[PDB]
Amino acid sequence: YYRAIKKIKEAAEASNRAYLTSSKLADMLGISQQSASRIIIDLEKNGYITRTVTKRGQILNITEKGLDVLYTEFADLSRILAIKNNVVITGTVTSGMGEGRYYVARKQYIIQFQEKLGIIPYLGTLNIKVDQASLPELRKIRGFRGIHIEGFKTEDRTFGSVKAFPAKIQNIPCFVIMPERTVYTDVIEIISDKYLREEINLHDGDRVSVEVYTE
């Protein structure tokens, strides 16, 4: 489905919507009209686009899952060709229930954070709600593999594999952690051996910049 999503995004230009016909997509791809029509139907069925289709053609909306196909390909090639592509994300500090402390305190995560990232972290995650204008940079980071943290099973629940990226928030070293199975939210989570709210005097609502190292 990669080539068709690539061409729909190219047609969508700046935005993530394109007004197209199956014939236009077909000739963009070097395939028959009938195949392009089928490809559009399958992309919608599998959640890569949403669409409105009439006898006047189609409005195709690339979803976050559709875009992730392209950003994942870009990250694959960046990694395989050793092309540097670090990222800056800006967002705002938020608070929650204490979910991050529950996760980070798991013994099976802690051992891996030390073995793979070299830290014993503060038990928690600093949540950052990414600004709308930084969403393309969030999509780019989510494309990359980062440092693999193996998931595990306990008696109460199952914990998925996560990926870690070396990062800096106001020049404080830290790591962005996200599930390897991507879920499209605007919230990123940061761990560090420093308690970041104290280290850099953060409050809910403060805007911060996070540099993320994808290599």
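Sequential numbering from 1, following the sequence displayed.
Between 152 to 160 and 42 to 50, the higher mean Cα B-factor belongs to 152 to 160. The mean Cα B-factor in the deposited entry runs higher for 178 to 186 than for the other of 178 to 186 and 62 to 70.
Out of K129, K140, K116, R79, it is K116 whose C-alpha atom has the highest B-factor in the PDB entry. Out of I89, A75, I120, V104, the entry records its largest CA B-factor for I89. Annotation for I200: C-alpha temperature factor in the highest third relative to the rest of the modelled chain, per the entry. In this PDB entry, the Cα temperature factor of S192 sits in the bottom third of its chain's modelled residues, the lowest group.
When the modelled residues of the chain are ordered by their C-alpha B factor, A167 lands in the lowest third. When the modelled residues of the chain are ordered by their C-alpha B factor, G124 lands in the middle third. Ranked within its chain, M28 lands in the highest third, by CA B factor from the PDB record.
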